[PDB]
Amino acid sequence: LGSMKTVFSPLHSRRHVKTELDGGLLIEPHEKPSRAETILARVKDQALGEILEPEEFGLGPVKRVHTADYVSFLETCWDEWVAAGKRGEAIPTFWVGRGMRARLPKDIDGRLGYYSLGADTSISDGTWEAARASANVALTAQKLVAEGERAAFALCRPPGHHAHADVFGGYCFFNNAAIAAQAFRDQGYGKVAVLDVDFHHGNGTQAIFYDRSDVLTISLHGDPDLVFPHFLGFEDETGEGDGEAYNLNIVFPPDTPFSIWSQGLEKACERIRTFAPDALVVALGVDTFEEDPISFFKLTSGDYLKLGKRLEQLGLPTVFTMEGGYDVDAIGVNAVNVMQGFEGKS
């Protein structure tokens, strides 16, 4: 079995929120630290390859994707929330509704809503540090691949694919896959494809490159008429201006199994083949799993071996960034199965 290096930051545990708005209640959050620990434990148990801590790259590569005002806001948000007297975790209460101005207010609640697309992504102490570390995990994995490695697994937490240039939500703060893709471009890779196999639409990634043709964005995901993010991810979203035909959404209905889902994967793979990129970033969620608690696809653990194998056949230098996946007792087997299938395990 071939080897793959994994990049992991123990600082992920700095993000350990206690509350998630879900169905009118404050529930125990899905995107929990045990996700990353269960994966890493499987990486060591399977001897997948070397495990590295990330390098500190600073905010430069982050700000090639995200606005300076947004990066500023994430650094100060918690301290301003506590200094303003709020007693819970930092959660938006109101936002720019349809018909209101996209105008940045002074107030911390106002800015919370300005910079978000959802209320289920609580911020608290350590969120800044952990989101910073997750971006560096992606960037170190990009560095590994750019310096000779065929592939590298960025064991990111928190995930990234829902974050726009200046919008957080869906458990994501910095868009690690977009940051990795932009890092390839800044280093002289002319074309980069970002393939999102997470159950949910990679709406942040779509928006970040939506008017560009140097970065092909493809997502397979549940129908947004039915699931989050609801307001992007439809198949008619093919790109704007110069980006026209450089975005591809493939949507599936509830109960979709691998025998169907992989037909979309094949169409994604053909789209990538004709684009002929110099690098590949795979935003990898395993919330396509048949027992995933918030998702409605029917992939089995063994199907992730087949997903890994199909991605290797693209023949591309490949960065995997960890996104979703919330059935914790299976998440290690599922995620590492993709890496192991990539390395030739069947």
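We number the residues from 1 along the sequence you see.
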Out of 184 to 192 and 70 to 78, which one has CA B-factors that are higher on average in the deposited record? 184 to 192
Which is higher on average in the deposited entry, the C-alpha temperature factors of 236 to 244 or of 216 to 224? 236 to 244
Highest CA B factor of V145, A133, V251, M100, as deposited, is found at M100
Given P33, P317, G285, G58, the residue at which the Cα B factor reaches its maximum: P317
Would the CA B-factor of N334 place it in the lowest, middle or highest third of its chain? lowest
Ranking the modelled residues of this chain by C-alpha B-factor as given in the entry, is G308 in the lowest, middle or highest third? lowest
Where does the C-alpha B-factor of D109 rank in its chain, lowest, middle or highest third? highest
Classify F153 as lowest, middle or highest third according to the C-alpha B-factor given in the PDB entry, relative to its own chain. lowest
In terms of its chain's C-alpha B-factors, the third that includes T93 is the middle
